[PDB]
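Next come the chains, spelled out residue by residue.
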Amino acid sequence: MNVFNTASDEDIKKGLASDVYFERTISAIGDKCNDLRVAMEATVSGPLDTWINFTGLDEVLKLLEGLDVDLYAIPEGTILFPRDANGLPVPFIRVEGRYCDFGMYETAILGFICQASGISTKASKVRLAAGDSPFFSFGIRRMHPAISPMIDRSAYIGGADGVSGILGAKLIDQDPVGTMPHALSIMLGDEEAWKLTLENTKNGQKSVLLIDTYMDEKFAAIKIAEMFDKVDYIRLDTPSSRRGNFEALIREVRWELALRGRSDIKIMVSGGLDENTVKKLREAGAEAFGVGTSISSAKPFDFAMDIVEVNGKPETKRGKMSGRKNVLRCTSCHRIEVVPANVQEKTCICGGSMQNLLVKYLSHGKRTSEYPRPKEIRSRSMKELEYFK
Amino acid sequence: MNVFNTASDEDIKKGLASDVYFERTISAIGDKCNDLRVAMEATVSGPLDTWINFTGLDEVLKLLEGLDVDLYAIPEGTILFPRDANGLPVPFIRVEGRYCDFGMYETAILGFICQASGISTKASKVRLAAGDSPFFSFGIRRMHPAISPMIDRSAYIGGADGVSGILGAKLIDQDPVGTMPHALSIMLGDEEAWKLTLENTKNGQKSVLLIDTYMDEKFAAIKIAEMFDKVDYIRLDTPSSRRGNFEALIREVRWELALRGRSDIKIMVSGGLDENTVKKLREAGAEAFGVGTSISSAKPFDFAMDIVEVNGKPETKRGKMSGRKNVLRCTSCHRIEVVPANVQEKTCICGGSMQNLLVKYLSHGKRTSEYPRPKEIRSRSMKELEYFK
Amino acid sequence: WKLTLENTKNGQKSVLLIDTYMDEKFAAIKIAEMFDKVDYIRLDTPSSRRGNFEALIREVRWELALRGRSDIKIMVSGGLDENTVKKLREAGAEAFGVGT
Amino acid sequence: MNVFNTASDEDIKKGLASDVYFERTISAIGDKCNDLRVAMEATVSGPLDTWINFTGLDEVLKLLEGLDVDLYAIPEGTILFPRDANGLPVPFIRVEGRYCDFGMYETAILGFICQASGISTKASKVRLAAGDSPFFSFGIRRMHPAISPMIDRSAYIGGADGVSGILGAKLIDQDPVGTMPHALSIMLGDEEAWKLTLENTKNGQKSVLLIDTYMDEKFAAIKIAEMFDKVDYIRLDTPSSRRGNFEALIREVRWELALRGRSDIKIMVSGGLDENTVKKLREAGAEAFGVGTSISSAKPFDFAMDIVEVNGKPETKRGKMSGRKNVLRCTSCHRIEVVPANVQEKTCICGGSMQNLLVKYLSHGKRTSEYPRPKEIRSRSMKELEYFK
Ligand SMILES: [Zn+2]
Ligand SMILES: [Zn+2]
Ligand SMILES: [Zn+2]
Ligand SMILES: [Zn+2]
Ligand SMILES: [Zn+2]
Ligand SMILES: [Zn+2]
């Protein structure tokens, strides 16, 4: 094993990152393993009072590729409610094959979609609040570094314009984002910190000065206004105990800057931000946002996975619906209706037609298509998020 | 890089799992790097209305070992409030050395203690509720598999008697825990599933039959009572929609079993359990608990890290307290009072004496002691948790 | 501040208003290492700057004691209540200005 | 000084009714006084969740007249929100001159507009609730008699049709209003009290009989109906402990009167009335209201006054906006936008144009116009109140 308390890719692929009951159960089944073919579907037990931005499927395919199983799933970036128009639980993925062949991967499969999805969904909420103002994922520091890249990836797919993590940036194929830290002003002083920042930032990227280290934001803004000229943004990461009314403070700063003819200096805010916070601060004048904890710590959706068919016959347990299923969605209004797997489409009068969403990504362990890059996926989410305001 | 969206140990050690601003800032500082020695302390900005079971330090030492820095920290498993008796923020770790030498590790350092601590703290809350009844960590499936081991480790340290993850079990040096899955009853039927379970479980471990797959828990209990004899536990993972009043259902089942002289069959419950849920169900008769999501998804504590001294002089930013500090605790009542680093201890009249808690774990990159194994750490937490009811 | 100190002699205590321009914390440090005959520091901190007045006061008090100037007492004013007074005093405030 | 605990006009004009820090501070400044010219603006720190009916300016002019200062203000009776369309604090008055010349009057200046404004604003709320039914200011008895006239003046300006105070009436140039007191019925009995009341009231004024002294309002109404004929109103000042459901009691009384063909007798109510109470009771049939305590004790708006410019240069403190300013309002929709003092007006597309509201009332201590009488001011408020329902 490795140094830190993590499971390597090798380990998760070997089925070591799972609840032991699986291998012990498969072991007990013995030769019956050769006669037990199943179909399992993942549904959200979790929060049912919100829509979801599905994410984490890419990880699932990396794990099941090579095994003799068929896999169906809703594409990443698809946004929808966990229950259909008639309150039926929506299946996001279906796996078919010999139970003993992939049963041990249930733990990891759920793990890949539960946490990631909560993150991308929360980022989409923030996306709606930020409107045409950009926001960036800044929270990987609140979670274990090992999952640093997946967090920034889902945050990006969910709507984030940029990301701060190096590996996350590499993974989404974008340049990392970053502004000067408080540490710089503490070590060299504001004036030198700002000078150094401006000198180490040339066109192709915007200038950003952190101003809350020592002074009152208002006077820091006036000082910067009459000291430099090539400053695109002023960033306020104002301490909680100093944040009596962040909105009024921002209006005050904006007025003082415009008074000296420097309304060209835009305002960026960060620190304990929410979809709620973002909306208010932007209505107050903030034009850029740094969002961390609320997104990186987003509660995971509670996905469950269970057998829905055995050797071709529909079969489940109490609290679950049997049979393999398809997920139909109206091409015009996005209404959804889950149906038995033998119903490919349904005619409607509303607008357009109802087509299957649960699509096959793996056939006998082989990919059925080239997987989309992160940019393409978030591009899809942004279109999808349109249907939700 | 690796297959999944994770950062390898190699990567986190190279400073790749971090916000880019650090390396870009260190790069900008240049030769000044040789003249900037600092001391940074991690304090909880986070939830201040609860105590905390500190955890994740082991990971921090693995990363800084080998670098020329001194490290002080509160031992893992120590339980205390984020603010002292006088409302002062408590520092959990202090790092000393050339800023440019470890500045990039801030992201990972916070990551190691934020999420882990939330998990161990939540497990301790559950520990208090479970009393003398055992509970096990079953939630790694709700989070990304890569951090599967650290979750079970912190859950164990926080009070969990057992863990389900293979790697988590290996890491704490305990046998994984596991009961038959619903899948087994769906594939082979209850009778065969139970028979197989009993046959594949011999003394050294207790027998546990999952009974909610097909029947009403009450009649499943009666049937099992008059069908087998060597059954130690009956487990109810009763579906949410079937859980009208779990407490009354459990009393009903317990009565029916005692009526047939089988009160020897103990009851275990699992599924959407909390410290609150555990308490109620145990008061109703449950003697074993499976706890997952509430613990594995525990919100991370919001730790922040900032320079508190530069080249020997106290220096911080707005919202932080300058100077290196010690954390004194009364040996008898556990009252805490943070003080300047030059105050090793203080005399008191209450009970005993006040001694420093923030102890040195690294001296010039070398360990100052042999690190405790997980069992020893949770053994410490259990004693510590005594001071909180 | 200089004018205030010069126009205040024993029989009355010295009080410096510190929230006009700086962050209360750094105003406190500056005053600590600039004057000596200062009995009180007064914070009439603006509403929009008052995120957590209690924590701000503890922070200021710590920084002053760190430089051996815990002799400087703290006075607060602005939107105070019986409720506010109690909390702030438990946080270290030793004098209060109560109006509205 | 005088007998009662009050400051005479002489005293307030001498700067004796103020916080001593002003004179002691001005004294300390010495000759610097000759080189310190400033501009101070009064803004509402106070309630920001309600509009305001500005009042008390007349008092301010009486005090500053004769001093070498310029004064700008929003006219009395203007109704608007304390923050503009963009959340900027609105200045209601601006004073220009040598600081030491008027600095001591800050206490009195705020005093004149804080309490008066709360009173006129509350009266306007009542005005909206009373609709086309008249209401009168009856509460000077709840406040110190010395400020008896200003209270009735602001209540009138805010919407009151009449006032009970002698000096208040004289000041607004209206006849005081008054009905027989309970004392009269207690001393002479209801019958004699009513007879005396009717005999001492001739056309030019309406007859009003107080009926709740001894009987149940319902039977008092029947008795009066069949005893007198020239009775215009019946007044119910019903005791709190007897007021189970004032609305139903009023309907009951109104029915009984109409049954005997005396629906000509109108109903007036008084006692613990609010904008809320007035509305309900009028919907129940009350056509006249006596309103005291809720208006006379109206909480004062929290106005603050601070330097916004020094020797021609914009300059303020944290939490305030620097520079002299104008208050522009759309002539058609009343939208408001505060701007720098060098922006007299702004073009808009909505409706009409945006013109300055903050007008000069004093130039070098001389009035720039003849001040409006109370009737003219409330006439303005009533038009202004139209924009608020
Ligand atoms: Zn359709
Ligand atoms: Zn449709
Ligand atoms: Zn002690
Ligand atoms: Zn003690
Ligand atoms: Zn207009
Ligand atoms: Zn308009």
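Residues numbered from 1 in each chain as written, not as in the entry; some residues may be left out. Chains lettered and ligands numbered in written order. Part of a larger assembly, values for the part shown. Heavy atoms only, no water.

Looking at the entry header, you'll see X-ray crystallography listed as the method and 2.40 Å as the resolution.

Under the annotation held in the PDB entry, chain A carries the name Nicotinate Phosphoribosyltransferase and is attributed to Thermoplasma acidophilum. As deposited in the PDB, this entry carries the title "Crystal Structure of a Nicotinate Phosphoribosyltransferase from Thermoplasma acidophilum". Of chain A, the UniProt comment under Pathway reads exactly: "Cofactor biosynthesis; NAD(+) biosynthesis; nicotinate D-ribonucleotide from nicotinate: step 1/1." Turning to chain A, the UniProt annotation filed under Sequence similarities states: "Belongs to the NAPRTase family. Highly divergent." (UniProt positions renumbered as here; feature names shortened; annotations may be inferred.)

The PDB entry annotates chain C as Nicotinate Phosphoribosyltransferase of Thermoplasma acidophilum.

Novice: Got a sec to walk through the overall build of chain C? Specific residues and values, please.
Specialist: Across its full length, chain C holds 4 helices and 4 strands. Along the chain direction, N to C, the helices and strands of chain C fall in the order α-β-α-β-α-β-α-β. Taking 2.2 N^0.38 as the reference for a compact globule, 100 residues should give roughly 13 Å; the C-alpha atoms of chain C span a radius of gyration of 13 Å, in line with that estimate. Each principal axis of the C-alpha atoms in chain C carries an extent, and together these give about 35 × 30 × 25 Å. For chain C, the proportion of contacts with a sequence separation of at least 24, taken over those separated by at least 6, is 57%. As displayed, chain C offers around 5300 Å² of accessible surface, 47% of which is attributable to carbon and sulfur atoms. (Helix = DSSP H or I, 4+ residues; strand = E, 2+ residues; numbered from the N terminus. Rg over C-alpha atoms; globule rule 2.2 N^0.38 Å. Contact = heavy atoms within 4.5 Å. Areas by Shrake-Rupley, 256 points an atom, 1.4 Å probe, with all protein chains shown as cover.)

Novice: Tell me about the overall build of chain A, and please be specific about residues and values.
Specialist: Along its length, chain A carries 14 helices and 19 strands. By principal-axis analysis of the C-alpha atoms, chain A measures approximately 80 × 60 × 35 Å. For chain A, the proportion of its 389 residues judged to be buried stands at 64%. Long-range contacts, defined here as pairs at least 24 residues apart, represent 71% of the contacts in chain A between residues at least 6 apart. Carbon and sulfur atoms provide 48% of the accessible area of chain A, an area that totals close to 14100 Å². A distance of 2 Å separates the average location of the 52 positive side-chain charges in chain A from that of its 53 negative side-chain charges. (Buried < 20%, exposed > 50% of the residue type's maximum accessible area, 1.4 Å probe, protein only. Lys, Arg positive; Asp, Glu negative; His and termini not counted. Charge placed at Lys NZ, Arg CZ, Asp CG, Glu CD.)

Novice: Outline the environment of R94 of chain B, listing residues and values.
Specialist: Residues and elements named next belong to chain B. By the element assignment, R94 lies in strand β5 (residues 91-98). Residue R94 is classed as buried on the basis of its relative accessible area, which comes to 1%. Considering only alpha carbons, one finds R94 and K317, 223 residues apart in sequence, at a separation of 17 Å. In this structure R94 touches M40, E41, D70, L71, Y72, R324, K325, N326, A341 and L358, once residues within four positions along its chain are discounted. Among the polar contacts made by the side chain of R94, one reaches the side chain of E41 at a distance of 3.4 Å. (Polar contact = N/O pair within 3.5 Å; in protein donor to acceptor, adjacent residues only side chain to side chain.)

Novice: So what about the nonpolar core? Which residues, and what values?
Specialist: Within the largest apolar cluster, 229 residues are counted, with the highest numbers of intra-cluster contacts made by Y99 and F303 of chain A together with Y99 and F303 of chain B. The residues contacting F303 of chain B, other than those within four sequence positions of it, are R142 of chain A together with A42, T43, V44, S45, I52, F54, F92, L110, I113, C114 and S117 of chain B. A73, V95, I109 and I336 of chain D belong to the second-largest nonpolar core, a separate cluster that totals 52 residues. (Core = buried A, V, L, I, M, F, W, Y, C linked by side-chain atoms within 4.5 Å.)

Novice: I'd like a rundown of the interface of chain B and chain C, residues and numbers included.
Specialist: On the chain C side, the residues contacting the 17 residues of chain B number 9 residues. In this assembly, chain B packs against chain C so that about 920 Å² is buried in total across both faces, 62% of it on carbon and sulfur atoms. A per-residue breakdown of the area chain B buries against chain C is headed by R318, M321 and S322 of chain B, which together make up 40% of the total. Linking chain B with chain C are 1 salt bridge. One salt bridge in this structure joins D23 of chain C and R318 of chain B, with 2.8 Å as the shortest N-O distance. Across the chain B-chain C interface, the total number found is 8 residue pairs in polar contact. Top element by residues in the side of chain B that touches chain C is strand β15 (residues 336-340) of chain B. It accounts for 3 residues. A class-by-class count of the residues in the side of chain B that touches chain C yields 6 nonpolar, 6 polar and 5 charged. (Buried area = accessible area lost by both parts, 1.4 Å probe. Salt bridge = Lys/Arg side-chain N within 4 Å of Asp/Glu carboxyl O. Nonpolar A, V, L, I, M, F, W, Y, C, P; charged D, E, K, R; others polar.)

Novice: Can you lay out the coordination of the zinc ion (ligand 1) for me, pointing to particular residues and giving the numbers?
Specialist: All names here are of chain A. Protein ligation of the zinc ion (ligand 1) involves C330 (SG), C348 (SG) and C350 (SG), the donor distances falling in the range 2.2 to 2.6 Å. Positions of the donor residues of the zinc ion (ligand 1), expressed as sequence spacing, correspond to C-x17-C-x1-C. The metal-metal distance between the zinc ion (ligand 1) and the zinc ion (ligand 2) is 3.8 Å, with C350 coordinating both. Relative accessible area serves as the criterion here: at 21%, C348 is assigned to the partly exposed category. (Donors = N, O, S within 2.8 Å, 3.2 Å for Na, K, Ca; no water.)

Novice: Quick rundown of helix α3 (residues 57-64) of chain A? Include the residues and the values.
Specialist: With respect to burial, α3 of chain A is a largely interior element, 7 of its 8 residues being buried. Residues of α3 of chain A that are buried include every one of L57, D58, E59, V60, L61, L63 and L64 of chain A, and no others.

Novice: Before we move on, can you summarise the relation of the copies chain A and chain B with the specific residues and values?
Specialist: Overlaying chain A on chain B yields an RMSD of 0.0 Å, the required transformation being a rotation through 180 degrees with an accompanying axial translation of 0.0 Å. On the angle and the small slide along the axis, the relation comes out as a two-fold axis. (Least-squares fit on C-alpha atoms.)

Novice: Quick one: what's the story with the interface of chain A and chain B, residue by residue and with numbers?
Specialist: Across the boundary between the two partners, chain A contributes 93 residues, which contact 93 residues of chain B. For the pairing of chain A and chain B, the buried interface totals around 8400 Å² over both sides, and the portion due to carbon and sulfur atoms is 63%. Three residues stand out in chain A for area buried against chain B, namely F4, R141 and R318 of chain A, and they jointly supply 12% of the buried area on that side. At the junction of chain A with chain B, the criterion picks out 8 salt bridges. Put simply, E217 of chain A and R318 of chain B hold a salt bridge, and the shortest N to O gap is 2.8 Å. At the junction of chain A and chain B, the tally comes to 48 residue pairs in polar contact. Here the side of chain A that touches chain B takes 8 residues from helix α5 (residues 106-130) of chain A, the largest share from any one element.

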